[PDB]
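Here's a solo chain for you in structure tokens, the form deposited in one PDB entry.
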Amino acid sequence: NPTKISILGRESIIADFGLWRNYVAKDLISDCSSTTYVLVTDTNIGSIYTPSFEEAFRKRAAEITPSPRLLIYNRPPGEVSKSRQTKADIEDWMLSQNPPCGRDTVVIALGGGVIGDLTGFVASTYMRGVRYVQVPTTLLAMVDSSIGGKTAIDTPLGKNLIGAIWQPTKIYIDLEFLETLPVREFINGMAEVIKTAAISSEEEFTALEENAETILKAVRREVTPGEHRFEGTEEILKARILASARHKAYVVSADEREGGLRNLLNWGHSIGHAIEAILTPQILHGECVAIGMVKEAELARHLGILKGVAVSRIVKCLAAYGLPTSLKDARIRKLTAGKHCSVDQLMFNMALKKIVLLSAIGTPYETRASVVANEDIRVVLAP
């Protein structure tokens, strides 16, 4: 059965195994009536998933007169496509169609965080705004990037500098996409899942601790023909992933005077972003956020706010899912030959302190990021 989660007081999220394979096309043409559908993705994702959809779309466009059209745009993979150049590329491409794409256009964002931010931003300004849907194909996109409307592209000077808040009409979460997602990317996305649980539900966190071995085994297993990577553990994977997605939706949907409940989502990102500013692009975002979570967890313990046992759980849980819990992680070192993260550099990258503090697994200290002394931060980052 398809699970539904709402965003900003309305239906928006539809999650299940096989949506892309048999549900999205029909749904779009039905609930997102348009004459034109523009699908944006990269060559990796697309070469694997675009063919089936083209057929499923053709099969759904036929039971209608006249038949809506599906236009496909394949961008090269990587953070590099999240640029002004590609935004203008996709746009001119869309304007140059016969007939050109109009304000009724429904853009389909089939990809991870990169394609998501790019496509969302394209849609936000196309003729001052057109509808679009998110079809996250990475774990991180499913529970984070595709939720909340934050759209943008990069500039040589920094990440997500030019963009917009543009909400998607719908977010289709097809867990089957995780069947072909590279093991490292999957692990990477788990950083947000564990973060979410860590700051919202102790029960959820425990479920993550208990489901690690099973989940990871499935993520690494050799799939025999006729099988689906996650057969046998579908409910576990769905309950775990949707718990995070759902939380993100709740936080983003909760306003009517809140102050900064959204702030708690940055737990582990204060230090995590600092670390990433140095180790990127060798080390992924989640990998850096994982380490940031451990450091920030130690900090709170250092300030006598977090019990030492919670730190250890936080550490075993991340490692159980394959995430690094230290800056000298064997894997990290091999990928970043000649990169060091000195306290000074980290204390610097951070100043460019307010760290969400935890008082217990599933329980934040303040309802917002707390203010901590630079000296206390340095001690934590000491060798």
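Whichever C-alpha set is largest while still superposing within 1.5 Å between the two forms counts as the rigid core. Numbering starts at 1 and follows the sequence shown.
There is also a form deposited in another entry; it is not shown, and the following applies to it.
Given a rigid core superposition of the two forms, which one of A141, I173, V289, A123 has its CA shift by 2 angstroms or more between this form and the one not shown? Flagged residue: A123.
Just checking, between this form and the one not shown and with the core aligned, does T151 shift 2 Å or more at the CA? Superposed on the core, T151 moves its C-alpha 2 Å or more between this form and the one not shown.
Classify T214 as shifted (yes) or not shifted (no) between this form and the one not shown, where shifted means its C-alpha moves by 2 Å or more with the rigid core superposed. The answer is no, as the C-alpha of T214 shifts between this form and the one not shown by less than 2 Å after core alignment.
Do you see a C-alpha shift of 2 Å or more at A330 between this form and the one not shown, with the core held fixed? No, because once the rigid core is superposed, the C-alpha of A330 moves less than 2 Å between this form and the one not shown.
Are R58 and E227 closer or farther apart at their Cα atoms in that other deposited form than shown, with the shift being 3 Å or more? Farther is correct, given that in that other deposited form the C-alpha spacing of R58 to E227 is increased by at least 3 Å.
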